[PDB]
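# Observations on the three-dimensional arrangement
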Amino acid sequence: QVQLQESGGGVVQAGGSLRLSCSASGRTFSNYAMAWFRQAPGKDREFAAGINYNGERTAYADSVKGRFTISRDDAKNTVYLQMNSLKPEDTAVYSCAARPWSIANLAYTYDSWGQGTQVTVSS
Amino acid sequence: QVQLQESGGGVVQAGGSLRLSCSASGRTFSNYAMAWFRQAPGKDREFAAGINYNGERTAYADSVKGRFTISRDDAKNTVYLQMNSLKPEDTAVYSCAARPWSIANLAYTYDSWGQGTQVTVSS
Amino acid sequence: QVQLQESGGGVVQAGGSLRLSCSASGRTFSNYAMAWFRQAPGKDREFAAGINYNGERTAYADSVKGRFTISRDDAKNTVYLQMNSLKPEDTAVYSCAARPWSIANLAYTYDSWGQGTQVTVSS
Amino acid sequence: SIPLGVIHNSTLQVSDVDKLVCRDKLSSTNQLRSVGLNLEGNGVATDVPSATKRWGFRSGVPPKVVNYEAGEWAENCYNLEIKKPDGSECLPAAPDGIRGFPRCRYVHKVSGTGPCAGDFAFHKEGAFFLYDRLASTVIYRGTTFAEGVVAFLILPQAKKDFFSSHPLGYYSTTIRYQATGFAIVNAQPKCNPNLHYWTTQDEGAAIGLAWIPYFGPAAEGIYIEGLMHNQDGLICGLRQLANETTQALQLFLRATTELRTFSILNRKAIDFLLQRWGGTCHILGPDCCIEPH
Amino acid sequence: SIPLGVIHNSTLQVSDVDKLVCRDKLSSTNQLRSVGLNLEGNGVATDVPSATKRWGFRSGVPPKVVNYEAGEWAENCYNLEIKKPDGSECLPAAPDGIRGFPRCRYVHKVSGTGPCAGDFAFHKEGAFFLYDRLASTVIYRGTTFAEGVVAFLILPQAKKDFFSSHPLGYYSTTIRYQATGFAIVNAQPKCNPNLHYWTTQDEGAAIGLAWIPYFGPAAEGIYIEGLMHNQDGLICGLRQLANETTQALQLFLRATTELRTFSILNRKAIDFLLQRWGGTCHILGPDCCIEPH
Amino acid sequence: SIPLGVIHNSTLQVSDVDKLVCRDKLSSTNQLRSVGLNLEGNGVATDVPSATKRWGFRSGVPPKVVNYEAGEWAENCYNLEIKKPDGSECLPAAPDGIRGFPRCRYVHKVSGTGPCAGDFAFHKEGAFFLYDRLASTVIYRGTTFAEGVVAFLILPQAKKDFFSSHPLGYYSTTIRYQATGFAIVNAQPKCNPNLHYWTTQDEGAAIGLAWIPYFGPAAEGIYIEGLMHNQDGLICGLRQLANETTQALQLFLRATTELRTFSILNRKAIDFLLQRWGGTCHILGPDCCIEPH
Ligand SMILES: *[C@@H]1O[C@H](CO)[C@@H](O[C@@H]2O[C@H](CO)[C@@H](O[C@@H]3O[C@H](CO[C@H]4O[C@H](CO[C@@H]5O[C@H](CO)[C@@H](O)[C@H](O)[C@@H]5O)[C@@H](O)[C@H](O)[C@@H]4O[C@H]4O[C@H](CO)[C@@H](O)[C@H](O)[C@@H]4O)[C@@H](O)[C@H](O[C@H]4O[C@H](CO)[C@@H](O)[C@H](O)[C@@H]4O)[C@@H]3O)[C@H](O)[C@H]2NC(C)=O)[C@H](O)[C@H]1NC(C)=O
Ligand SMILES: *[C@@H]1O[C@H](CO)[C@@H](O[C@@H]2O[C@H](CO)[C@@H](O[C@H]3O[C@H](CO[C@H]4O[C@H](CO[C@H]5O[C@H](CO)[C@@H](O)[C@H](O)[C@@H]5O)[C@@H](O[C@H]5O[C@H](CO)[C@@H](O)[C@H](O)[C@@H]5O)[C@H](O)[C@@H]4O)[C@@H](O)[C@H](O[C@H]4O[C@H](CO)[C@@H](O)[C@H](O)[C@@H]4O)[C@@H]3O)[C@H](O)[C@H]2NC(C)=O)[C@H](O)[C@H]1NC(C)=O
Ligand SMILES: *[C@@H]1O[C@H](CO)[C@@H](O[C@@H]2O[C@H](CO)[C@@H](O[C@@H]3O[C@H](CO[C@H]4O[C@H](CO)[C@@H](O)[C@H](O[C@H]5O[C@H](CO)[C@@H](O)[C@H](O)[C@@H]5O)[C@@H]4O)[C@@H](O)[C@H](O[C@H]4O[C@H](CO)[C@@H](O)[C@H](O)[C@@H]4O)[C@@H]3O)[C@H](O)[C@H]2NC(C)=O)[C@H](O)[C@H]1NC(C)=O
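Residues numbered from 1 in each chain as written, not as in the entry; some residues may be left out. Chains lettered and ligands numbered in written order. Heavy atoms only, no water.

The record names cryo-EM as the way this model was obtained, at a resolution of 3.1 Å.

Listed below in C-alpha cells is the structure:
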C-alpha cells in the first residue's frame, strides 16, 4: 500500500542547488520510513539517504554525506531531499521508497516505490 | 526371463517394404510387452514401436508414425514389425526387447534383449 | 612437550657414509616413537624412517630401504640414522619428529619437531 | 542413473548429465526442479474398493522418504485409520515433518479392522505416497495422502513463467467409509490435457512485516497456484516420464541409508560440473563444450 | 536471494553471488562463514520486564533451525520455565542436538505461570533465538539462549586472521525471577565497536592423545575465543548487514521443508560455479572474466 | 583436512585435494568412495576379555556418526547387554536408522552387570564402531558391531571394476558369555593380505519387478561380494592409510554439530572445483591445468 509521487527534478548547473519532494497517500504516514535511491546510467540502484518514522535517525551514504540533507513533514505527508554543491557524477534517476518503522540499505526490504525523477547536472 | 531371436533383415530399395519377426521362448509370453529399438550408426539406441500384453494400446515414435505397424500373435510367441515406405535414414540395427506389463520408452527398464538384425536401404 | 636437537649433518662425497643424531629432553622418552623426515629443495616434507617405543618394528621408505638403518638408545634419550651408499638425490633437510607410542607416515600426526639439519652430498 | 528431462520451446527430451548438454544452458540451480504428478491422471480407478487392492503389508524393508517441490491438484485423497482385530494399531504414527497432502478436492476416510501381516504398508505397483512435498513409500496413520510418482526436470533458462501464479477457491469435502477384512510418447490408458499445479512460495511473499513467523500465514497459506492447459504434448510427456523414472529412484532409495533424501539435484549439478569441466580438456576437444569464438 | 557480504582490506561491501564476483577471489569453502551477532549490541533493553514483551505465542507455524558457525559474547541470556495455570507445560522440550548458548555473562532464569495461547513462542520482531551454533525461531524449555540475528559473508584469503585465537575462564552468575500473568552504513540506535567473538576450530586441537573422544575436552572446552577492536566501521557494517539479511532468511526458511538446514553456503558455492563456468564463456567477453596470458 | 588416497595402476598415493590431483582425472562423484576396515586385520587380540579393556565410559561428550559405503567381512563381532547393579540400563537404545553389522562369522554376546560411570561407552584407542554403513563413536544396546576405522579414497576412472561382484555362503554362529564387574608403508604388527569385501549394489540391482519395495529383497539381501587377494601392497597400504586418517576425521566430527554426517565427499568435490576453476587462471601455469592442444 501507500502510493508515492516525486517532483522537483530538472537540469541544474554544476555547483548549484536542487530540492526534491515525495508525497505519500494514505493516513499512516507517520508509521513509515522513507529513503531515496538513485540509479546512475548503466549502474544498479543504490542507497542515498533515509529517515525514521519520527525523524530522529538519518543515515547518509559516504558519497553524499555532508552535502545532502533529508527531512520530513508529517502534517503534509511529504519528505524532502535538499541537494547542495552538486557534482557531475550526481546525474542519475532519483527514486522514492517507503517501508515500515526502521531504516534499511538494501532495496529488497522496501514495500512501496515511486516511478522516480530525472536529475541531470551539466558541467 | 525369455529368449529372443530376430529375423527378416536384409537389403531393400528406397520406398520398398520389409517385415521383421521376433520369437520368444518360455510359456508366459502373454504376460510380457514387446518393443522394437533401432540404433543408427554412430548414434544411441532409441525407441521405435511397442505393444501391450494383450494388444490394445500400441505406441509409435514420431519419426515412424503412420509407416510402421506392430502386431503380436500369442499362439506362436512372435511379434512383427511391418515396415512401409522406407527411407534412406532408416538404416540401423533393429533390436527386439521385452518387459513385464506396459510399453516403456527408456531402454533401461527392459529385462530381455535380442542380438538384433541389420536393416539397410539403398538410395 | 619434548624438545629435539639434531646434529651430525654436513657435506660428504657420493658413496660415502653419514650418521645423524637426535637427543630428546624429558624423562618419558621410552613412551615416544621417533621418525626422520627429509625435505628436498622445492619439494614437500616426506617420510624416511621410524621406530616404535621399544624398537621391534621399524619402517623404511621405498627410496631409502636397505641403505638406511635406524636405532634408538633409551639410556641416552637419542636416536640415530645410519646412512650408507649415499646418492646425489639424497640432498635435503633432515628433520627429527616425535609422537606417542606407535608409528606413522603422515606428518600432521606428529607432536614435537626439531629444526632440522642440512645434508649435502656432492657428485 | 536417475533420468531427467530438459524443456526447450515447450518440448520435452530425456537426457542425462553425462550426455553433452551445451545448448542446454544450465546456469543456476533454480532451473533444477522436481515435480510430483498424481497417479489418478493416468486413468486408474480411484474409488475405495479398487484403491485398497493396490496396498499391501510387508515386514523386513525399512521405509524411505524423498521430497518434491511442485505438485498437482488431487481429485481424490485418502486417510487411513485401520487397526488390528485385538485393538492394536497397524499403521505407524507420522513423523514430525510429515503433513497431509494439500489441495485435495475429496478426502476418503477409511476406518475398520483387518489383518495386518507386516510392519508397514507398501504400494503393490511401486508408486509413492505423497505427503505435502515429501514422497514416502509407506502409509502413515491418520495422514492424508495421494498416490503419485516423482519426476526431475531442468527448466528453461530464466523464463520465470513455469510454475508461476495463475499463468492460464479451495473447498474440501470429507467422505467417510467403514471397512472390514481390510521424444517421449505417452503410453498410458489416458493422459490429462490440463495440469492444475501448486508450488511452494517463490520466497518473497511478505509486504507488511508478513515475513515474521509470528505475523505470518499459517502452514496452508504458503502455496502458489497456477494452470498450464495450453500445451498437450508437453504435459502428457511429463506424465510418461514420471512413469518411467520410478524404477531408478526406487533402486537409489534402496541403496542409500538416509532417512530423508534432500540432495539429489545438488549431486546432479556436481556431476555435471565435474564432468564438463573435469580437467585437462582441449580447445578443439569436444569433451568441454567451449566456444573459442 | 540471501545477501552475502565480501570483506576487502577491512571494508565490507554487500553483493549477491551473481554480481560478477571474480575479482574477489573465492578459492575454497573455508572462505564461507556465518556469524551469529546478537541484538544486545544494537542498544535494545535487556532487563526481563522489557525483554518478555518481544516474545509471543502463535499456533499453526512449524519451527525451523539454522546452523551458524561463529558467535559473540553475550552479557545477558535467558532461561524460561513457564507453566500453564493448571500445571501443564508451555514450552516444548529441547531436541537432542540443542544445547545452551555458550559464553554468557548473566543468565536470567524466569519461572512462573501465565496464559499460553499457542503451541510455540516466537519472536515478535522477527529475530532468532541462538542455542550453541543452532539458531531457531522458537523457545525451548530450560535451555539458555540469547536473541540475535545471523549473517553470511565471504572471508579474505589469508592465514585466517579473522576468527583466530586472541588477536587483540569465565563466570556466569545466577539471577532468578518469579513472574505471574506472563558500502553498508550503520543505522541502528547504537553499535558496539568491539567484537568479542567465540568460534569452533576445525583441527589443530590435539596434542599428546587428546583427539580421542575418551581422552578429550568436554562440550564446553572446544571453543576458541578472540577479540577484534582495531576497526569500528567494519563491525557496525556487519551488524547492520546482519539486521538486513533476516527477511530473506525467514522467507527461505518458510519455503523449505527441512527441519534443520546446514546447506546454504554449499548451495551458494554451487550457484557461483554454475554462474561463472556454466558454459561457453568467451575470452573477450566480460562474463567470463579471465585474463589472456 | 582429511587425507584421501588416489589409486593408479594398483598403487596408493596419499595427497590432499588442494593439489597433486592435476594428472589425476576426476570425472564424476562415482569415483569418490569411503571404506571401513576392521581392526582385527591389523593383528589385535579379539577375544572377549581383551576386547573389553579397550572400551570405557565417559560423561560429557556428545556422540557423532559417519557413513561409509564399502566394508569388509569380520571374523568376530560383539553384542553388549550390560546392566547396572540396581537393574538400570547402561547403553542407550539404538536410533531408528542403526542396524547391526551385515557380515559376521562369530557374534560374541556379552551380558552381565558392572559399574557404569559415564553416559556413553567410547573406544579408548580412538577407533569407531561400525553398524551397517554407519560408523559411530559409541556403543548402542543390543546391536551387533565390529570395531574398525574409515578411509576416504578416489578410484580409477571407471574400469567397471574395483568393488564389482566376485572379481577373485553366509553362516554366523552365536557364542554367549556372562561377565561381572565389567607411497605410504604399512607399519602395523600384521596386515591381512586378502580383502574379502562387501558393498551395496550400485543403484541397478534387480529386474522382473523386483525393484518394487513390496516384492524386493529384505534389508540383508541387498549386498554384493568380492575378493582382492591378487595385490598385497595396495591393501596393506589402505589399512595403514585408514589408521593414519582416523585423527583428522575425529577432530572434524568433534568440530561439527550434525548428528549424522553424509556430506564429506561432496564438500571435497566442491573444494576441488573451487580450487582449480576458481577464477582468472592462466593459460600457461601450474595453477590452471588447462593446456593448449
Ligand atoms: C507406470 O504406468 C504403467 C502403465 O500404466 C503401470 O503399469 C501397471 O502395472 C501394474 C502392476 O504391474 C499392472 O497390473 C497388473 O495386471 C496384470 C494383468 O493380469 C490381469 O489382467 C487383467 C487385470 O484385472 C484384474 O482383475 C482383478 C479381478 O477381477 C481386479 O481386481 C482388477 O481388475 C485387476 O486389475 C485381467 O484380465 C486378469 O485378472 C489378469 O490376470 C490374469 O491373466 C493375466 C493374463 O496376462 C496374467 O498375467 C495373470 O497372472 C492372471 O492369470 C496382473 O497379472 C498383475 O498382477 C496380478 O497377477 C499377479 C500374478 O498372479 C499377482 O502376483 C498380483 O498380485 C496380481 O493379482 C497386476 O495386477 C498394470 O496392468 C499395469 N498397467 C497397464 C495398463 O499395463 C505402472 O504401475 C506405472 N508405474 C508406477 C510406479 O505407478
Ligand atoms: C593405529 O595403529 C597403531 C599401531 O598399531 C595403534 O597404536 C596403539 O595405540 C595404543 C593407544 O595409545 C597403544 O596402547 C597402549 O600403549 C602402551 C603399551 O604399554 C602396555 O603394553 C605393553 C605390553 O603389555 C601388554 O600386553 C597386551 C598388549 O600387547 C595387553 O593386553 C596387556 O594388558 C599388557 O598391557 C607394556 O608396555 C610397557 O613397556 C613399554 C616398553 O616396552 C613402556 O613404554 C610402557 O610404558 C610399559 O611400561 C605394558 O604392559 C603396558 O601396559 C600402554 O601403556 C598405553 O596404556 C596407557 O595409556 C592409555 C592411554 O592414556 C590408557 O588408556 C591406559 O590405561 C594406560 O594408562 C596404551 O593403551 C598401543 O601400544 C599402540 N600399538 C602399538 C602396536 O604400538 C593405534 O591405536 C591405531 N589407531 C587407531 C586404532 O585408530
Ligand atoms: C533492525 O533495526 C531496526 C531499527 O533499530 C529495528 O526496528 C525496530 O522494529 C520494531 C518492530 O518492527 C519496532 O517496534 C515497533 O515500534 C512501533 C513504534 O512505537 C513507538 O511509539 C509508540 C507510541 O505509539 C510507543 O508505544 C512505542 O514504545 C514501545 O517501546 C517502549 C520502549 O522502547 C516501551 O516503553 C513502550 O511501552 C512500547 O512497548 C515506540 O516508542 C510500535 O508501534 C510497534 O508496535 C506495534 O507492533 C507490536 C508488535 O510488534 C504490537 O504491540 C502492535 O502490533 C503495535 O501496533 C512496535 O513496537 C521498533 O520501533 C524499531 N526500532 C526503531 C528504532 O526503529 C528492527 O527490529 C531491526 N531488525 C530486527 C530483526 O531486529
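Take helix 4 (residues 265-276) of chain E next. Here helix 4 of chain E spans 16 Å end to end across 12 residues, near enough to the 16 Å set by a 1.5 Å rise per residue. In terms of burial, helix 4 of chain E is a largely internal element, nine of the 12 residues being buried. Listing the buried residues of helix 4 of chain E in full gives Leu265(E), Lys268(E), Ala269(E), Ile270(E), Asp271(E), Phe272(E), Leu273(E), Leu274(E) and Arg276(E). Contact partners of the buried residues in helix 4 of chain E: helix 4 (264-276) of chain D, strand 3 (32-38) and strand 12 (146-154) of chain E together with helix 4 (264-276) of chain F. (Helix = DSSP H or I, 4+ residues; strand = E, 2+ residues; numbered from the N terminus. Expected span 1.5 Å × (residues − 1). Buried < 20%, exposed > 50% of the residue type's maximum accessible area, 1.4 Å probe, protein only. Contact = heavy atoms within 4.5 Å.)

Looking now at the pairing of strand 12 of chain E. Residues and elements named next belong to chain E. The buried fraction of strand 12 is high, at nine of nine residues. Neither face of strand 12 is left uncovered, since the one carrying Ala 146, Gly 148, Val 150, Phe 152 and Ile 154 and the one carrying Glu 147, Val 149, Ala 151 and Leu 153 both have all their residues buried. Alignment of strand 1 (residues 4-8) against strand 12, held across three bridges, turns out to be parallel. Within strand 12, the position partnered with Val 6 by the bridge is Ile 154. In terms of strand pairing, strand 3 meets strand 12 through seven bridges, oriented antiparallel. By the bridge assignment for strand 12, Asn 38 is matched with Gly 148. As paired strands, strand 10 (residues 128-130) and strand 12 are joined by three bridges and run antiparallel to one another. Bridge assignment links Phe 128 to a residue of strand 12, and that residue is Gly 148. (Pairing = 2+ DSSP bridges.)

Glancing now at the UniProt feature "disulfide bond" in chain D. Residues and elements named next belong to chain D. Of the UniProt disulfides, the one joining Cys 90 and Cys 116 is satisfied here, as the sulfur distance of 2.0 Å falls under 2.5 Å. Here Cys 90, found in the loop between strand 6 (74-80) and strand 7 (104-113), pairs with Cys 116, found in the loop between strand 7 and strand 8 (120-123); they are 26 residues apart in sequence, far enough to count as distant. Residue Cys 90 shares its accessibility class with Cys 116, and that shared class is buried. Look at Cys 281 and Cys 288: UniProt pairs them in a disulfide, and at 2.0 Å between sulfurs the bond is present in this structure. Accessibility classification places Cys 281 together with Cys 288 in one group, the buried group. (Disulfide = S-S within 2.5 Å. UniProt positions renumbered as here; feature names shortened; annotations may be inferred.)

This part takes up the interface of chain F and chain D. Contacts between the two partners involve 40 residues from chain F and, on the opposite side, 34 residues from chain D. With both chains or domains summed, chain F and chain D bury close to 3,400 Å², and 62% of this area falls on carbon and sulfur atoms. In terms of surface lost to chain D, no three residues of chain F exceed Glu203(F), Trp211(F) and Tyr214(F), which account for 23% of the buried area on that side. Here chain F and chain D share zero salt bridges between them. Along the contact surface separating chain F from chain D lie seven residue pairs in polar contact. Here the side of chain F that touches chain D takes five residues from helix 4 of chain F, the largest share from any one element. Taken together, the residues of the side of chain F that touches chain D break down into 23 nonpolar, 10 polar and seven charged. (Buried area = accessible area lost by both parts, 1.4 Å probe. Salt bridge = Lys/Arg side-chain N within 4 Å of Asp/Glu carboxyl O. Polar contact = N/O pair within 3.5 Å; in protein donor to acceptor, adjacent residues only side chain to side chain. Nonpolar A, V, L, I, M, F, W, Y, C, P; charged D, E, K, R; others polar.)

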